[PDB]
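Engineer: Next comes the structure file upload.pdb, holding PDB, C-alpha atoms and all ligand atoms.
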```
MODEL        1
ATOM      1  CA  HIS A   4      -9.195   1.466   0.674
ATOM      2  CA  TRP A   5      -5.458   1.401   0.926
ATOM      3  CA  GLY A   6      -3.587  -1.565   2.340
ATOM      4  CA  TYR A   7      -0.603  -3.818   1.648
ATOM      5  CA  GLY A   8      -2.026  -6.344  -0.834
ATOM      6  CA  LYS A   9      -1.392  -6.682  -4.537
ATOM      7  CA  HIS A  10      -4.441  -4.623  -5.426
ATOM      8  CA  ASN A  11      -4.253  -1.873  -2.770
ATOM      9  CA  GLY A  12      -0.613  -1.829  -1.641
ATOM     10  CA  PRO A  13       2.228   0.687  -1.847
ATOM     11  CA  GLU A  14       2.401   0.693  -5.675
ATOM     12  CA  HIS A  15      -1.221   1.890  -5.822
ATOM     13  CA  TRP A  16      -1.149   4.559  -3.106
ATOM     14  CA  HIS A  17      -0.115   7.395  -5.437
ATOM     15  CA  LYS A  18      -3.527   7.353  -7.170
ATOM     16  CA  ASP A  19      -5.296   8.662  -4.059
ATOM     17  CA  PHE A  20      -2.233  10.208  -2.394
ATOM     18  CA  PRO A  21      -0.112  11.806  -5.133
ATOM     19  CA  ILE A  22       2.485  12.922  -2.568
ATOM     20  CA  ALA A  23       3.519   9.236  -2.640
ATOM     21  CA  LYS A  24       5.828  10.352  -5.487
ATOM     22  CA  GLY A  25       7.013  13.450  -3.620
ATOM     23  CA  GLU A  26      10.411  14.883  -2.809
ATOM     24  CA  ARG A  27      10.745  13.685   0.793
ATOM     25  CA  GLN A  28       9.086  10.288   1.072
ATOM     26  CA  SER A  29       9.866   7.587   3.625
ATOM     27  CA  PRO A  30      11.208   5.059   4.295
ATOM     28  CA  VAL A  31      14.628   5.150   2.627
ATOM     29  CA  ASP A  32      17.665   2.936   2.451
ATOM     30  CA  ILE A  33      20.336   4.173   4.851
ATOM     31  CA  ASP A  34      23.682   3.925   3.055
ATOM     32  CA  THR A  35      25.964   3.855   6.078
ATOM     33  CA  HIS A  36      29.086   4.768   4.184
ATOM     34  CA  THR A  37      27.551   7.913   2.664
ATOM     35  CA  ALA A  38      25.846   9.075   5.873
ATOM     36  CA  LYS A  39      27.999  11.784   7.441
ATOM     37  CA  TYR A  40      28.675  12.517  11.109
ATOM     38  CA  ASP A  41      27.071  15.849  11.994
ATOM     39  CA  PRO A  42      28.723  17.772  14.842
ATOM     40  CA  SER A  43      25.808  20.274  14.913
ATOM     41  CA  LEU A  44      23.456  17.622  16.316
ATOM     42  CA  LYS A  45      22.773  18.249  19.995
ATOM     43  CA  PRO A  46      22.516  15.373  22.487
ATOM     44  CA  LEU A  47      19.301  13.366  21.968
ATOM     45  CA  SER A  48      16.943  13.208  24.958
ATOM     46  CA  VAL A  49      14.324  10.467  25.202
ATOM     47  CA  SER A  50      12.346  11.360  28.360
ATOM     48  CA  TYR A  51       9.703   8.679  28.883
ATOM     49  CA  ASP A  52       9.672   8.376  32.713
ATOM     50  CA  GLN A  53       6.166   9.883  33.067
ATOM     51  CA  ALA A  54       4.583   8.240  30.012
ATOM     52  CA  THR A  55       0.880   7.393  30.384
ATOM     53  CA  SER A  56      -0.219   4.659  28.024
ATOM     54  CA  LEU A  57      -3.953   4.303  27.607
ATOM     55  CA  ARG A  58      -5.100   1.796  25.012
ATOM     56  CA  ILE A  59      -4.061  -0.596  22.259
ATOM     57  CA  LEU A  60      -5.985  -0.592  18.948
ATOM     58  CA  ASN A  61      -5.973  -2.832  15.847
ATOM     59  CA  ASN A  62      -6.613  -0.249  13.118
ATOM     60  CA  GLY A  63      -6.603  -2.718  10.227
ATOM     61  CA  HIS A  64      -3.031  -1.851   9.210
ATOM     62  CA  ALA A  65      -1.051  -2.361  12.442
ATOM     63  CA  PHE A  66      -1.714  -2.025  16.157
ATOM     64  CA  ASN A  67      -1.194   1.304  17.933
ATOM     65  CA  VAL A  68      -0.351   1.749  21.613
ATOM     66  CA  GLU A  69      -1.782   5.170  22.441
ATOM     67  CA  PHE A  70      -0.608   7.648  25.061
ATOM     68  CA  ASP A  71      -2.075  10.587  26.901
ATOM     69  CA  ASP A  72      -0.548  13.558  25.093
ATOM     70  CA  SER A  73      -2.597  16.271  26.888
ATOM     71  CA  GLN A  74       0.520  17.384  28.823
ATOM     72  CA  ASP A  75       4.297  17.213  28.488
ATOM     73  CA  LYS A  76       4.943  13.712  29.792
ATOM     74  CA  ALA A  77       6.818  11.361  27.433
ATOM     75  CA  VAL A  78       8.821  13.688  25.164
ATOM     76  CA  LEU A  79      11.671  13.635  22.674
ATOM     77  CA  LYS A  80      14.078  16.572  22.435
ATOM     78  CA  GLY A  81      17.577  17.333  21.232
ATOM     79  CA  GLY A  82      19.412  15.732  18.345
ATOM     80  CA  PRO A  83      18.165  17.367  15.153
ATOM     81  CA  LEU A  84      15.019  18.664  16.871
ATOM     82  CA  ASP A  85      14.124  22.250  17.654
ATOM     83  CA  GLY A  86      11.871  22.253  20.720
ATOM     84  CA  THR A  87       9.777  19.546  22.356
ATOM     85  CA  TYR A  88       7.980  16.646  20.701
ATOM     86  CA  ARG A  89       5.324  14.741  22.629
ATOM     87  CA  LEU A  90       4.749  10.979  22.304
ATOM     88  CA  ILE A  91       1.276  10.151  20.966
ATOM     89  CA  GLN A  92       1.518   6.483  19.908
ATOM     90  CA  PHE A  93       3.791   3.661  18.878
ATOM     91  CA  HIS A  94       3.289   0.847  16.406
ATOM     92  CA  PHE A  95       5.304  -1.687  14.414
ATOM     93  CA  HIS A  96       5.759  -2.898  10.851
ATOM     94  CA  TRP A  97       6.711  -6.539  10.316
ATOM     95  CA  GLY A  98       7.045  -9.342   7.809
ATOM     96  CA  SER A  99       5.628 -12.750   6.988
ATOM     97  CA  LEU A 100       9.159 -14.165   7.523
ATOM     98  CA  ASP A 101      12.107 -13.001   9.622
ATOM     99  CA  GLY A 102      14.018 -11.857   6.503
ATOM    100  CA  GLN A 103      11.716  -8.893   5.837
ATOM    101  CA  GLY A 104       9.483  -6.486   7.695
ATOM    102  CA  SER A 105      11.406  -3.266   8.295
ATOM    103  CA  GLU A 106      10.620  -0.097   6.362
ATOM    104  CA  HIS A 107      14.027   1.524   6.566
ATOM    105  CA  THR A 108      16.908  -0.648   5.413
ATOM    106  CA  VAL A 109      20.587  -0.417   6.339
ATOM    107  CA  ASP A 110      22.898  -0.939   3.349
ATOM    108  CA  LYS A 111      19.872  -2.677   1.800
ATOM    109  CA  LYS A 112      19.502  -5.101   4.703
ATOM    110  CA  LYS A 113      15.914  -5.665   5.860
ATOM    111  CA  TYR A 114      15.220  -6.338   9.529
ATOM    112  CA  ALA A 115      12.372  -8.553  10.812
ATOM    113  CA  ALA A 116      10.372  -5.552  12.042
ATOM    114  CA  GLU A 117      10.555  -1.859  12.864
ATOM    115  CA  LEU A 118       9.101   0.059  15.828
ATOM    116  CA  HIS A 119       7.897   3.642  15.301
ATOM    117  CA  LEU A 120       7.465   5.944  18.315
ATOM    118  CA  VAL A 121       5.459   8.892  16.959
ATOM    119  CA  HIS A 122       5.783  12.388  18.424
ATOM    120  CA  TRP A 123       4.349  15.805  17.549
ATOM    121  CA  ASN A 124       5.917  19.250  17.905
ATOM    122  CA  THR A 125       4.245  21.027  20.801
ATOM    123  CA  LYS A 127       4.667  24.451  19.182
ATOM    124  CA  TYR A 128       1.687  23.486  16.951
ATOM    125  CA  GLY A 129      -0.711  22.684  19.791
ATOM    126  CA  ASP A 130      -2.296  19.432  18.435
ATOM    127  CA  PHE A 131      -1.251  16.491  16.259
ATOM    128  CA  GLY A 132      -3.699  17.592  13.547
ATOM    129  CA  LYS A 133      -2.085  21.026  13.266
ATOM    130  CA  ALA A 134       1.381  19.459  13.453
ATOM    131  CA  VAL A 135       0.704  17.402  10.281
ATOM    132  CA  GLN A 136       0.253  20.663   8.385
ATOM    133  CA  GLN A 137       3.859  21.651   9.153
ATOM    134  CA  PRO A 138       7.214  20.608   7.649
ATOM    135  CA  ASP A 139       8.630  20.042  11.176
ATOM    136  CA  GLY A 140       5.418  18.821  12.760
ATOM    137  CA  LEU A 141       6.441  15.265  13.665
ATOM    138  CA  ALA A 142       9.427  13.269  14.882
ATOM    139  CA  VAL A 143       9.400   9.484  14.581
ATOM    140  CA  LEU A 144      11.937   7.429  16.506
ATOM    141  CA  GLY A 145      12.517   4.227  14.547
ATOM    142  CA  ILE A 146      14.011   1.085  16.102
ATOM    143  CA  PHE A 147      14.854  -2.087  14.210
ATOM    144  CA  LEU A 148      13.914  -5.543  15.513
ATOM    145  CA  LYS A 149      15.973  -8.662  14.870
ATOM    146  CA  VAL A 150      15.032 -12.177  15.955
ATOM    147  CA  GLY A 151      17.141 -13.671  18.725
ATOM    148  CA  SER A 152      16.671 -13.387  22.483
ATOM    149  CA  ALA A 153      13.295 -12.246  23.820
ATOM    150  CA  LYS A 154      12.717  -8.598  24.697
ATOM    151  CA  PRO A 155      11.168  -8.685  28.180
ATOM    152  CA  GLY A 156       9.626  -5.226  27.843
ATOM    153  CA  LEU A 157       7.729  -6.325  24.721
ATOM    154  CA  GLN A 158       5.962  -9.281  26.297
ATOM    155  CA  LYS A 159       3.045  -7.286  27.735
ATOM    156  CA  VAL A 160       2.299  -6.075  24.200
ATOM    157  CA  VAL A 161       2.534  -9.598  22.786
ATOM    158  CA  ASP A 162       0.204 -11.022  25.408
ATOM    159  CA  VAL A 163      -2.623  -8.549  24.755
ATOM    160  CA  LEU A 164      -2.705  -9.147  20.988
ATOM    161  CA  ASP A 165      -5.125 -12.074  21.291
ATOM    162  CA  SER A 166      -7.717  -9.561  22.541
ATOM    163  CA  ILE A 167      -7.376  -7.225  19.540
ATOM    164  CA  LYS A 168      -7.127  -9.813  16.768
ATOM    165  CA  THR A 169      -9.309  -8.015  14.230
ATOM    166  CA  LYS A 170      -9.697  -4.528  12.772
ATOM    167  CA  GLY A 171     -11.538  -2.143  15.067
ATOM    168  CA  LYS A 172     -10.870  -3.973  18.331
ATOM    169  CA  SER A 173      -9.198  -2.136  21.222
ATOM    170  CA  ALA A 174      -8.201  -2.971  24.802
ATOM    171  CA  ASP A 175      -7.115  -1.070  27.868
ATOM    172  CA  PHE A 176      -3.333  -0.789  27.915
ATOM    173  CA  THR A 177      -2.479   1.367  30.896
ATOM    174  CA  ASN A 178       0.804   1.407  32.786
ATOM    175  CA  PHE A 179       2.984   0.275  29.894
ATOM    176  CA  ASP A 180       6.530   1.648  30.007
ATOM    177  CA  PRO A 181       7.965   2.271  26.510
ATOM    178  CA  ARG A 182      11.480   2.529  27.971
ATOM    179  CA  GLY A 183      11.514  -1.274  27.850
ATOM    180  CA  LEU A 184      11.528  -1.162  24.043
ATOM    181  CA  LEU A 185      14.750   0.781  23.624
ATOM    182  CA  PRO A 186      18.215  -0.629  22.855
ATOM    183  CA  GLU A 187      21.221   0.364  24.982
ATOM    184  CA  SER A 188      22.721   2.893  22.552
ATOM    185  CA  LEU A 189      21.057   6.028  21.228
ATOM    186  CA  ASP A 190      23.400   6.326  18.230
ATOM    187  CA  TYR A 191      21.197   7.286  15.288
ATOM    188  CA  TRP A 192      20.787   8.424  11.724
ATOM    189  CA  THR A 193      18.447  11.293  10.850
ATOM    190  CA  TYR A 194      16.880  12.751   7.728
ATOM    191  CA  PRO A 195      13.714  14.660   6.688
ATOM    192  CA  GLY A 196      10.876  12.478   5.402
ATOM    193  CA  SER A 197       7.238  11.524   5.546
ATOM    194  CA  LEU A 198       4.644   9.293   7.076
ATOM    195  CA  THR A 199       5.101   5.790   5.642
ATOM    196  CA  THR A 200       1.369   5.132   5.313
ATOM    197  CA  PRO A 201      -1.347   7.222   3.693
ATOM    198  CA  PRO A 202      -1.744  10.176   3.862
ATOM    199  CA  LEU A 203       2.080  10.094   3.368
ATOM    200  CA  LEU A 204       2.435  13.645   4.650
ATOM    201  CA  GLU A 205       5.905  15.216   4.476
ATOM    202  CA  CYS A 206       6.073  16.345   8.110
ATOM    203  CA  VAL A 207       8.564  13.984   9.736
ATOM    204  CA  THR A 208      12.051  14.311  11.137
ATOM    205  CA  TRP A 209      13.150  10.664  11.177
ATOM    206  CA  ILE A 210      15.523   9.490  13.907
ATOM    207  CA  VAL A 211      16.499   5.859  13.247
ATOM    208  CA  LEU A 212      18.542   4.107  15.920
ATOM    209  CA  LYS A 213      21.571   2.142  14.739
ATOM    210  CA  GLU A 214      21.350  -0.579  17.401
ATOM    211  CA  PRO A 215      18.475  -3.047  16.865
ATOM    212  CA  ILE A 216      16.562  -4.634  19.680
ATOM    213  CA  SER A 217      16.352  -8.404  19.805
ATOM    214  CA  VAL A 218      12.938 -10.074  20.104
ATOM    215  CA  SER A 219      12.246 -13.782  20.143
ATOM    216  CA  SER A 220      10.806 -15.756  17.277
ATOM    217  CA  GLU A 221       7.785 -16.490  19.486
ATOM    218  CA  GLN A 222       7.190 -12.767  20.054
ATOM    219  CA  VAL A 223       7.174 -11.858  16.357
ATOM    220  CA  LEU A 224       5.118 -14.960  15.495
ATOM    221  CA  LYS A 225       2.386 -13.523  17.694
ATOM    222  CA  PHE A 226       2.425 -10.254  15.713
ATOM    223  CA  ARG A 227       1.770 -12.405  12.628
ATOM    224  CA  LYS A 228      -1.411 -13.909  14.152
ATOM    225  CA  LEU A 229      -3.180 -10.551  14.016
ATOM    226  CA  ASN A 230      -5.703  -9.953  11.237
ATOM    227  CA  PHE A 231      -6.103  -7.084   8.755
ATOM    228  CA  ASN A 232      -9.812  -7.946   8.463
ATOM    229  CA  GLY A 233     -12.657  -7.270  10.868
ATOM    230  CA  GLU A 234     -14.475  -9.795  13.017
ATOM    231  CA  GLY A 235     -16.553 -12.206  10.983
ATOM    232  CA  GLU A 236     -14.756 -11.476   7.703
ATOM    233  CA  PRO A 237     -12.368 -13.812   5.861
ATOM    234  CA  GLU A 238      -9.067 -14.102   7.690
ATOM    235  CA  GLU A 239      -6.170 -12.153   6.199
ATOM    236  CA  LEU A 240      -3.107 -12.373   8.394
ATOM    237  CA  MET A 241      -1.588  -9.001   9.304
ATOM    238  CA  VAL A 242       1.880  -9.530   7.806
ATOM    239  CA  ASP A 243       4.102  -7.548   5.443
ATOM    240  CA  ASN A 244       2.626  -4.209   6.532
ATOM    241  CA  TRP A 245       5.744  -2.308   5.418
ATOM    242  CA  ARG A 246       6.359   0.204   2.647
ATOM    243  CA  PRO A 247       9.570  -0.370   0.670
ATOM    244  CA  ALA A 248      12.374   2.157   0.457
ATOM    245  CA  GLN A 249      11.637   5.286  -1.580
ATOM    246  CA  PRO A 250      13.957   7.523  -3.618
ATOM    247  CA  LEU A 251      16.328   9.635  -1.530
ATOM    248  CA  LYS A 252      16.174  12.543  -4.003
ATOM    249  CA  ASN A 253      17.655  15.807  -2.652
ATOM    250  CA  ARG A 254      18.447  14.586   0.873
ATOM    251  CA  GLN A 255      21.396  13.670   3.083
ATOM    252  CA  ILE A 256      21.353  11.256   5.999
ATOM    253  CA  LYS A 257      23.288  12.514   9.012
ATOM    254  CA  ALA A 258      24.846  10.358  11.714
ATOM    255  CA  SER A 259      25.031  11.221  15.404
ATOM    256  CA  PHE A 260      28.214   9.201  15.847
ATOM    257  CA  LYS A 261      31.719   9.557  14.490
TER     258      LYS A 261
HETATM  259  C1  LIG B   1      -2.831  11.541   9.907
HETATM  260  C2  LIG B   1      -2.628  10.289  10.732
HETATM  261  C3  LIG B   1      -1.245   9.729  10.518
HETATM  262  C4  LIG B   1      -0.892   8.548  11.386
HETATM  263  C5  LIG B   1       0.498   8.013  11.148
HETATM  264  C6  LIG B   1       1.493   8.162  12.104
HETATM  265  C7  LIG B   1       2.756   7.620  11.922
HETATM  266  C8  LIG B   1       3.040   6.928  10.748
HETATM  267  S1  LIG B   1       4.661   6.276  10.489
HETATM  268  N1  LIG B   1       4.490   4.776   9.961
HETATM  269  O1  LIG B   1       5.296   6.265  11.777
HETATM  270  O2  LIG B   1       5.250   7.079   9.455
HETATM  271  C9  LIG B   1       2.065   6.776   9.772
HETATM  272  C10 LIG B   1       0.805   7.326   9.979
HETATM  273  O1  LIG B   2      29.334  22.716   1.081
HETATM  274  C1  LIG B   2      29.836  21.739   1.982
HETATM  275  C2  LIG B   2      28.691  21.133   2.758
HETATM  276  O2  LIG B   2      27.939  20.321   1.839
HETATM  277  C3  LIG B   2      26.746  19.784   2.408
HETATM  278  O3  LIG B   2      26.111  19.026   1.439
HETATM  279  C4  LIG B   2      27.077  18.906   3.617
HETATM  280  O4  LIG B   2      25.865  18.535   4.264
HETATM  281  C5  LIG B   2      27.941  19.652   4.630
HETATM  282  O5  LIG B   2      28.335  18.811   5.716
HETATM  283  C6  LIG B   2      29.145  20.276   3.940
HETATM  284  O6  LIG B   2      29.871  21.072   4.869
HETATM  285 ZN    ZN B   3       5.154   3.341  11.104
ENDMDL
END
```
I'd like the structure from this file rewritten - as structure tokens, please.
Ligand SMILES: CCCCc1ccc(S(N)(=O)=O)cc1
Ligand SMILES: OC[C@H]1O[C@@H](O)[C@H](O)[C@@H](O)[C@@H]1O
Ligand SMILES: [Zn+2]

Structural biologist:
Amino acid sequence: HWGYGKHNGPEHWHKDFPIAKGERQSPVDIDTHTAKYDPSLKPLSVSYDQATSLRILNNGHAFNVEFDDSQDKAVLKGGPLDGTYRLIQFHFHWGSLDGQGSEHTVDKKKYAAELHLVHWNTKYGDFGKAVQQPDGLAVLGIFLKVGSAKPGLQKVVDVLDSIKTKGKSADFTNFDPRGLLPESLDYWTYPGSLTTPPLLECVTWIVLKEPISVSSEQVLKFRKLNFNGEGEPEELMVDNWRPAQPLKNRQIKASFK
């Protein structure tokens, strides 16, 4: 099956997922000079006060922190979005070294990691129906650089030892995703896709300009996870990022002048 290695990584995905060569694939390089301020963007609203986290899962590609999305609790609205998008999960992509790991790049610069907060458009009822729609999903992307520790990340870091291998999960209630945000909500936005198979072209991307800082020790613990299952040969979960894809017939808009 698909993965990130030489034999099953991003350059192979198109064989089983031909949309990998499509017209609105993600991630992309964000050329900051060409991105244009868009006065039609409404204020962005990240409303996570009532978020209900449930569980953390190693799915063999990353780890997902899952939320109860059975009601409007944690939601994203405003900005480029029409209507209400409900938080379902977050996960990260990261590197083997601090010099790589992000999926989006900024003037070609790669960050150490990238956080994706995944939301679905409530007008479509369920995530599965949302991924049949061209405006089904909104992903809030946040870059990570290595410097000072992020206190709100430490609870995630400390549970990773309990989900080392593919298929393991752990209770992860009462986690507040507000502790993963930077100060500023300045962002870039463009229409794109999921960055892993099935690569579906459903996503409004909202990528924050301000990175969060995490410590070297925090990211080193991400890199102790395993792609493999229990009892199988150890393959460190590192470099689980897709490189930038062709921009094609798209424009990146900025929320800030
Ligand atoms: C049909 C299940 C799809 C799950 C999925 C959700 C989000 C992303 S990402 N990396 O944020 O674009 C990738 C995959
Ligand atoms: O025709 C002019 C228009 O061109 C578009 O490509 C830009 O997105 C708009 O901001 C601009 O007003
Ligand atoms: Zn992702």

Engineer: Quick one: what's the axis-aligned box for segment 170-181 of chain A, all listed atoms, 6 Å on every side, centre and edges in Å to one decimal, as JSON?

Structural biologist:
```
{"center_x": -1.8, "center_y": -1.1, "center_z": 22.8, "size_x": 31.5, "size_y": 18.8, "size_z": 32.0}
```

Engineer: In terms of the shortest atom-to-atom distance over only C-alpha atoms, which of A:139, A:101, A:26, A:19 is closest to residue 85 of chain A?

Structural biologist: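 The closest residue to residue 85 of chain A is A:139.
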
Engineer: Pick from A:245, A:88, A:20, A:114: nearest to residue 199 of chain A, with all atoms listed in the file counted?

Structural biologist: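 Distance minimum relative to residue 199 of chain A lands on A:245.
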
Engineer: When you draw a straight line from atom CA of residue 104 of chain A to atom CA of residue 78 of chain A, how long is it in Å?

Structural biologist: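 Distance between the two atoms: 26.7 Å.
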
Engineer: Residues at most 10 Å from ligand LIG 1 (chain B), using only C-alpha atoms and all ligand atoms? Could they come as a count of residues only?

Structural biologist: 46

Engineer: Expanded to explicit residues, what is the PyMOL selection byres (((chain A and resi 112) around 12) and not hetatm) for this file, as a PyMOL selection string?

Structural biologist: chain A and resi 31-35+101-111+113-116+147+149+247-248

Engineer: Please identify the residues whose atoms come within 9 Å of ligand LIG 2 (chain B), using only C-alpha atoms and all ligand atoms, and report them as a list in words.

Structural biologist: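 Checking only C-alpha atoms and all ligand atoms against ligand LIG 2 (chain B) at 9 Å gives residues 39, 40, 41, 254, 255, 256 and 257 of chain A.
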
Engineer: Nearest residue to ligand ZN 3 (chain B) out of A:157, A:182, A:146, A:176, using all atoms listed in the file?

Structural biologist: A:146

Engineer: Residues around (-3.3, 0.9, 19.7), cut-off 7 Å, counting only C-alpha atoms - what are they as a PDB file with C-alpha atoms, keeping the file's coordinate frame?

Structural biologist:
```pdb
ATOM      1  CA  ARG A  58      -5.100   1.796  25.012  1.00  0.00           C
ATOM      2  CA  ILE A  59      -4.061  -0.596  22.259  1.00  0.00           C
ATOM      3  CA  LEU A  60      -5.985  -0.592  18.948  1.00  0.00           C
ATOM      4  CA  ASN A  61      -5.973  -2.832  15.847  1.00  0.00           C
ATOM      5  CA  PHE A  66      -1.714  -2.025  16.157  1.00  0.00           C
ATOM      6  CA  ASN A  67      -1.194   1.304  17.933  1.00  0.00           C
ATOM      7  CA  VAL A  68      -0.351   1.749  21.613  1.00  0.00           C
ATOM      8  CA  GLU A  69      -1.782   5.170  22.441  1.00  0.00           C
ATOM      9  CA  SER A 173      -9.198  -2.136  21.222  1.00  0.00           C
TER      10      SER A 173
END
```

Engineer: Using only C-alpha atoms and all ligand atoms for the distances, tell me which of A:57, A:211, A:216, A:224 is nearest to ligand ZN 3 (chain B).

Structural biologist: A:211
